[PDB]
Amino acid sequence: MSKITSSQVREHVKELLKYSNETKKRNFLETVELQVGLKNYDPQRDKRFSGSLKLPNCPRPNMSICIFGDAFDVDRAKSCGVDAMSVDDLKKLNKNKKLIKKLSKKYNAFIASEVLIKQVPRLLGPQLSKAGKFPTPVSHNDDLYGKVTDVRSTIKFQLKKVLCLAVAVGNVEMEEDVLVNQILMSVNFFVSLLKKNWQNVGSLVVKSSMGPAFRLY
Amino acid sequence: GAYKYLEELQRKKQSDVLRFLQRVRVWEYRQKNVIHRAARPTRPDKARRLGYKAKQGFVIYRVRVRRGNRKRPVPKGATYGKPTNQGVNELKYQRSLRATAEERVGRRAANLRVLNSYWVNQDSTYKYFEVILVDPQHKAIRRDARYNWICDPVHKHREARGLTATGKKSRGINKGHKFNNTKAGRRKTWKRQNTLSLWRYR
Amino acid sequence: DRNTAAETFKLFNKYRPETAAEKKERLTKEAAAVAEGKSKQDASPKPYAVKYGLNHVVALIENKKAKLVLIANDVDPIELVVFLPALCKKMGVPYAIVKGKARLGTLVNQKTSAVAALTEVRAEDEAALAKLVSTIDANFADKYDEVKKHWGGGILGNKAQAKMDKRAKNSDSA
RNA sequence: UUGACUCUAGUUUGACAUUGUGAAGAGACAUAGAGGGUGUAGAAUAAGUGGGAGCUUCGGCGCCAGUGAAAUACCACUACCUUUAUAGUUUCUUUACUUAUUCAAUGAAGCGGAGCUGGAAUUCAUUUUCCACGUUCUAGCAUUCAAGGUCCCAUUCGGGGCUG
RNA sequence: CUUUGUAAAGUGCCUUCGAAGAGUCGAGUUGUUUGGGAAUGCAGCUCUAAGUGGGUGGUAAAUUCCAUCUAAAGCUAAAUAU
RNA sequence: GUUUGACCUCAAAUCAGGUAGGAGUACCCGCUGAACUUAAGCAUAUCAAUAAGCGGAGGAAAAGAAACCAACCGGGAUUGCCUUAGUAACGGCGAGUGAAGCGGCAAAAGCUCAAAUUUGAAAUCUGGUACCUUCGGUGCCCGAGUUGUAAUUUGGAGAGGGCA
């Protein structure tokens, strides 16, 4: 009803983000997310689009950083918490079985180059194939400080074999109204590839890495 | 005006309310005569839209025509023709059941003039109509200018000649390419374009 | 019920629409004062009468000017009135289903009225209206939301009542 | 006239409409909430999609060492089996209700329920439930309210209430 | 002769409004009819709407626009037939 | 259980005032409806949406002021003639049937209700009676009618309110 359930979604924010027993008050940013709620649940032998839609608002799945692009980004971003990995390395990295498992299990953010998107897809490529863990195009001598949002905001939409997906909706230190605006945008950019909404509605939830007994669709 | 709420309600015919009322009225009407009178309109908003007024001279008459096709009255179903006209059962009357209902009331109450009929109720073997008639002899109607015209003897048995809403429908009297055969009169149109019109100088 | 009805009709007995005589005399005074003084539409003080006729009071309820609406229970085609309690509630006018359209008709100097409505009242008689509005709101207005749910009828004849009461005492009360 | 060609009244079968209302089995659907899945290494038992570096009053595991496609723990939500306890439609089949419809009959007289009297049921004279309700040897008759009771008729004439 | 009249009509700018017809429209099907051809009208039966709505736009449908009217109520001389 | 009065629906009368049939039918509005015949046969077609049959009017009838035509630089109720045209179309695509728009002309004319709260006044109408200046008028009286009769509005508009 005129910004859907914004009377109970504000309760869903305030009665989670500031709690030390219910939400448990853990270490860091209590990162809020949401699944979907549809009747459009034909398992899609059509092979569902799975389109990587983006928004400039930051969900911030941003703990683990790495680097693949070299010769510029190594000595430009060494100021940041990145750790430089050279060109003769990914051979010895993937030579033992476990190293790549540890890498794509923990390392969830990557920076590449327009010259280092050539030697990428041979070795690492299909070792995971479904982890949703890849770099993105950023230039050699460029901003580097607009990447903190533009890369990790692009989270994934792979919906193969079963209709089980979930696009995260901001975190604690982000804007208060923007997460309740981007959820509506996240429904709109779902019905972009989908046909039905059911109807101007998803199925609301904002588990900030802890989901209490808030039983909303 | 209650008339707008009546008009809107009466359209929802399978609303729990009209469902009940259909069942109880169709019983009341079936128990009375075939062509009996009506003390007032059952649908006072429908009546007045068709031209009924609540002044002396205007009457309503409830009438129930049998449903179904027109069985050809030929004896033993034998037609004495060619196969194309051996039909007996699946044949339809060209006038409507409204027209038949108007026609039989027109014959019953000959002193009055049929203004307009309309649908009230129906079951499987009956359809129920309320004909709005007018008294052309009552001064009430003869003195008012808005209904003076009906008294003129060129409006005697409109329902018979087929000048009522039902008749005009059944005669396809409508403007457009759709009604080319029957616009100015099916018979008039036929004889006009089957007339050989010769001049003095050919 | 027949004591709330009695009191409603005792208030509604006043504000009876002007008679043919009372009208004529008032018109003779007014139309005379149009010559003598030339003071028209100020003479013949404002009338407090009951509002009546279906298409009149429907519009007074739609504009929310009505303070009490009496709805007849025996109108020839019920459809004329089936919508009126539901309209009356939605607009929030106090309404009562009163027994007799004949009783309403006798109150408005017609034969039948099928509806009545008090939209104004004299300052003296506003207290009675306020009380009788609260006692009729207890029955009709308040309980509308519940009565809306529940069906009437489905009631057997007295002979089939007695048969069911026999056939129910057969199995269970054996 | 017929297994000639083409039809048709009739009849019969189905669907729909007239066509309402209940009960015992079922689709649950808005509405819940416990199970509900071990190809793999691995403490061991990962259906999944998105979270993370510390929490918990103490216990317990992530963090990280660690295996593997899925990092557990801490939980949200999506269906993939199951349970039923919402009474939110017939969904299909087995019965029932009157009120539509239908068939009779009477010059629309005695219908239904109850109560008397039963004579009694014995559990025992009852607030318990089974148990009838004025006419028969005879080719007659049976019609205009008679008996008691109560007010009037001022006590003439009688006509009226309830029984019968 | 009056004399309607103190009562009726047209006209301009602003402001809020601006009701407009249901067993109908329409659809299926049967019959008939038309030059009207996946159906021109009419009629029976089943279903049965809507309110930026409905009809029509002479090849059925879906999506997108456009044009044009305003149905299911009604009065009305002459040019025509004889 | 009574007293009286309403209301609603349905009746009765040799009730006050009225009206319907029948005739005619050339032309007009409808319904119903063939076969001969044509096809060199014949069943669809054709004759023919004709004859016969039945219902209903008038001096004309019907129609008619757009749920129209169009696709244009757009026209603008209705009917009739010239034309479109023996054409587009139909059709055992055989026999055969077969419109419409534009264009010129004849005559031209437009309008009415329902859906609105008169609500500071059913303002409306039939009837009866009396009188008069009698295709009617007025006063009074019963009735109709608020389950809506008048004034206002008809889509081209228009209504309420404001100012000039």
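The deposited model was determined using electron microscopy, 2.9 Å.
Cβ from N, Cα, C; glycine included.
Listed features, source Swiss-Prot:
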MOD_RES   A:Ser2  N-acetylserine
MOD_RES   A:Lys47  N6-methyllysine
MOD_RES   A:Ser79  phosphoserine
MOD_RES   A:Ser86  phosphoserine
Q: Measure from the Cβ of A:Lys47 (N6-methyllysine) and count the other Cβ atoms within 10 Å, all protein chains considered.
A: 9
Q. Among the modified residues listed here (A:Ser2, A:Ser79, A:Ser86), which has the Cα closest to the Cα of A:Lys47 (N6-methyllysine)?
A. A:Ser2
Q) So what sits near A:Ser86 (phosphoserine) in its own chain, CB-to-CB under 8 Å and at least six residues off in sequence? A) A:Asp70
Q. Can you tell which of the modified residues (A:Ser2, A:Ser79) has the fewest other C-beta atoms within 10 angstroms of its C-beta?
A. A:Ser2
Q.
Roughly how many Å lie between the Cα atoms of A:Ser2 (N-acetylserine) and A:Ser79 (phosphoserine), rounded to a whole value?
A. 46
Q: In three-state terms from DSSP, label A:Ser2 (N-acetylserine) for me.
A: coil
